[PDB]
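Structure first, commentary second.
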Amino acid sequence: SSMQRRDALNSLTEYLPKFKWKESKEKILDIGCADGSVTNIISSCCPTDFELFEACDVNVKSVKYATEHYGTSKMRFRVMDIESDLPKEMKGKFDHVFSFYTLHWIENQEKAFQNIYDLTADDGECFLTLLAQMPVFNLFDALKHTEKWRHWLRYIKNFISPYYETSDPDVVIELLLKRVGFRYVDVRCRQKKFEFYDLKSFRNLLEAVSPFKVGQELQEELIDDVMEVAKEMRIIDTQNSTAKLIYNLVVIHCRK
Amino acid sequence: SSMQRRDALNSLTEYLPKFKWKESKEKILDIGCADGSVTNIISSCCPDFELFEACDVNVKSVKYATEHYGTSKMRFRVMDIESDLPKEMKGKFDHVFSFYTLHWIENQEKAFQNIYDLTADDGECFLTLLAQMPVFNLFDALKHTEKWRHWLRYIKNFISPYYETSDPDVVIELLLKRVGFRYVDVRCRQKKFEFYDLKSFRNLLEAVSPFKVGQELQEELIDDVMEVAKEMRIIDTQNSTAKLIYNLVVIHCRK
Ligand SMILES: Nc1ncnc2c1ncn2[C@@H]1O[C@H](CSCC[C@H](N)C(=O)O)[C@@H](O)[C@H]1O
Ligand SMILES: Nc1ncnc2c1ncn2[C@@H]1O[C@H](CSCC[C@H](N)C(=O)O)[C@@H](O)[C@H]1O
Ligand SMILES: COC(=O)/C=C(/C)CC/C=C(/C)CCC=C(C)C
Ligand SMILES: COC(=O)/C=C(\C)CC/C=C(/C)CCC=C(C)C
């Protein structure tokens, strides 16, 4: 989505000058590559010629789309769960580990952050972004106790950020990262705005980010009901036919 | 408001051990004293303090506050931080505190410049500020309505400048460093406050409502704000509960 690309670019632009490379032949990893369009931004923006850049994701079709489109001899897309046990091959392998708009998908929060630590090299650093409060969560959440969608949206909480209703998520995450072993930790809760100027660009977003598989017959009907709720919640201005999303993106910069 | 009491206590409890204290005869100031419940918390919490000044723009609030929390050390007066500083308070205060105040203020740059000027040579500041807050959106949904269109004319004077801002922490930080603050730590703190009944949520909206619409209209106004809250999913119609998820920006500076 456009929202995810801007936040990726804005993040890298700011924190790029705070990273240390300190050598030649740098191995890099991105967690939750999806289509690989953001990974391309990370790979491209990074000044160095990385000997190897890996990018993982649990979604099989996404990895295939990515390997088919962005795959090179040094840009390898593999399947992997970051909640699962790491292979010994990757323990302490990566000079930089990246992960944007992914860690809010993940139940086993403590294993993920420990795996990210374990993945990072002795003198390595990590750069992670993830969603806290996001109105889109609330838009779908308002549909989970309705006859129409009650059963499709049963595993809703498995997709909503564990931090969307949390007090001082920055403090909770920072403590988690320090207890994991990271010698340097910096976690910020960044309030963001993203405006949509027509309703179609807002409907395009809701379609892209919908984790549900309601089919084709019901698929259009779901988004319509989400758009109606979005009018009631004032996330889309009915007078102007515009949409406004105000959300928190927690951005993390650690060093082993 | 119970929401402001908690945030104040949580904010002080965390940052108290990070403050630097002078040996004796310290001058302290709290901006936006309001009723003085929070100012009494600030005073009661921190370690024989020589002086405790408080201020406000509301003349009735300071009069209320003086009678109930007035002492020889803790004096209250009227002062607009957006105005020109009285020269007697330049570099006078070793600690300056302001909670749930600086979002009320239009001239954002003079307010912070005045705070810096209020602060002593090696003094520090601890400020809290609202960014995004649903209560802002609740009233904002009544501004184009013909019923309230004239009453909520000056809505934007009371809504936080940072309520729709990208990276308010980066904006506020840059502003504070440019003022001349040597150390600046500004966090955007996501918060949750839960109301278990509609009465206690209704009570907040009444307390925090900045509109003098009068006895025959306030109730009718609150009712209409409560209905918008149902539509915006801030109150759960089923449980008869309410949920506020908002951003409090907390600021720790050294001059
Ligand atoms: N446990 C897990 N391990 C790895 N990837 C996961 C995961 N859980 C979810 N993901 C993937 O993480 C992705 C989040 S979407 C974010 C895409 C891209 N990284 C960006 O920055 O925009 C999805 O593809 C999802 O399938
Ligand atoms: N320009 C200004 N200068 C000083 N105080 C102001 C002001 N504009 C508004 N205020 C005051 O700021 C207060 C904000 S509400 C009170 C906040 C309280 N400290 C708490 O802990 O919640 C109100 O009493 C209001 O009268
Ligand atoms: C400074 O304290 C606050 O902002 C606290 C709350 C929750 C609301 C009361 C104050 C303001 C600035 C706005 C009140 C209502 C509006 C609709 C703007
Ligand atoms: C993968 O798309 C995103 O990162 C989506 C964004 C920007 C916000 C919502 C995130 C996702 C994917 C969850 C979808 C919606 C829910 C109701 C949980």
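All ligand and atom numbering here is 1-based and tracks the order in the structure. In what follows, chains carry the letters A, B, and so on, assigned in the order in which the sequence lines appear, proteins first and then strands, with residues in each chain numbered from 1.
- The distance from the CZ atom of A/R188 to the SG atom of B/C188 is 11.0 Å, given to the nearest 0.5 Å.
- For ligand 2, the polar-atom distance check against B/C33 finds no nitrogen or oxygen pair separated by under 3.5 Å.
- Taking a cutoff of 4.0 Å between a charged side-chain nitrogen and a carboxylate oxygen, B/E146 and B/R149 do not qualify as a salt bridge.
- Ligand-side atoms of ligand 2 in range of B/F99: 17 (C), 18 (C), 19 (N), 20 (C), 21 (O), range being under 4.0 angstrom from any heavy atom.
- The protein non-hydrogen atom at the shortest distance from atom 7 (C) of ligand 3 is B/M133 CE, 2.8 Å.
- B/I115 has its side chain within reach of B/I31: a pair of non-hydrogen atoms, C-beta onward, lies under 4.5 Å apart.
- Looking only at heavy atoms of the protein, atom 19 (N) of ligand 1 is closest to A/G32 O, 2.2 Å.
- Under 4.0 Å is where a charged nitrogen must lie from a carboxylate oxygen, and between B/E194 and B/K243 at least one such pair does.
- Within the 4.0 Å heavy-atom cutoff, B/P210 counts among the residues contacting ligand 3.
- Nearest non-hydrogen protein atom to atom 16 (C) of ligand 1 is A/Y101 O, 3.4 Å.
- Relative ring orientation between B/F126 and B/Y15 is described as tilted, the plane-to-plane angle lying within the 30° to 60° band.
- Ring geometry for B/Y100 against B/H103 counts as perpendicular: the plane angle is over 60°, on a 0 to 90° scale with 30° as the lower cut.
- When only non-hydrogen protein atoms are considered, atom 21 (O) of ligand 2 lies nearest to B/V38 CG2, 3.1 Å.
- Of the N or O atoms in B/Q4, one or more lie within a sub-3.5 Å distance of an N or O in ligand 2.
- More than 12 heavy-atom neighbours from other residues, nucleotides or ligands sit within 6.0 angstrom of NZ on B/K192.
- At the shortest separation from atom 12 (C) of ligand 3 among protein heavy atoms lies B/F158 O, 3.1 Å.
- Ligand 2 has a nitrogen or oxygen under 3.5 angstrom from a nitrogen or oxygen of B/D56.
- More than 12 heavy atoms of other residues, nucleotides or ligands sit less than 6.0 Å from atom NZ of A/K157.
- When B/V57, B/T101, B/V62 are ranked by how near their heavy atoms come to atom 8 (N) of ligand 2, first place goes to B/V57.
- Note that CG of A/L249 is 5.5 Å distant from CG of A/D7, once rounded to the nearest 0.5 Å.
- The residue B/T39 has no part lying near ligand 2, judged by heavy-atom distances below 4.0 Å.
- Protein heavy atom closest to atom 4 (C) of ligand 1, with residue, atom name and distance, is A/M80 O, 3.5 Å.
- Listed by atom number, the atoms of ligand 2 under 4.0 Å from B/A34 heavy atoms are 16 (C), 24 (O).
- The closest heavy-atom contact to atom 11 (C) of ligand 3, among the options B/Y246, B/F136, B/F211, comes from B/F136.
- If you look at B/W104 next to ligand 2, the close heavy atoms, those under 4.0 Å, all belong to the side chain.
- Below 4.0 Å from some heavy atom of A/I106 lie the following atoms of ligand 1, by number and element: 1 (N), 2 (C).
- Below 4.0 Å from some heavy atom of B/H103 lie the following atoms of ligand 3, by number and element: 1 (C), 2 (O), 3 (C), 4 (O), 12 (C).
- The aromatic rings of A/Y70 and A/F77 sit tilted, their planes meeting at an angle between 30° and 60°.
- The pair B/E53-B/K27 does not meet the salt-bridge criterion, since no charged nitrogen lies less than 4.0 angstrom from a carboxylate oxygen.
- Distance from atom 16 (C) of ligand 3 to its nearest protein heavy atom, with residue and atom name: B/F139 CD1, 3.8 Å.
- Between B/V208, B/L204, B/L142, B/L129, it is B/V208 that holds the heavy atom closest to atom 6 (C) of ligand 3.
- Near B/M3, with a cut-off below 4.0 Å to any heavy atom, the atoms of ligand 3 are 7 (C).
- Ligand 2 places these atoms under 4.0 Å from at least one heavy atom of B/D80: 1 (N), 2 (C), 3 (N).
- By the neighbour-count criterion of 12 heavy atoms within 6.0 Å, atom CZ of B/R75 is sparsely surrounded, having that number or fewer from other residues, nucleotides or ligands.
- When ring centroids are compared, A/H96 and A/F50 stay outside the 6.0 Å threshold.
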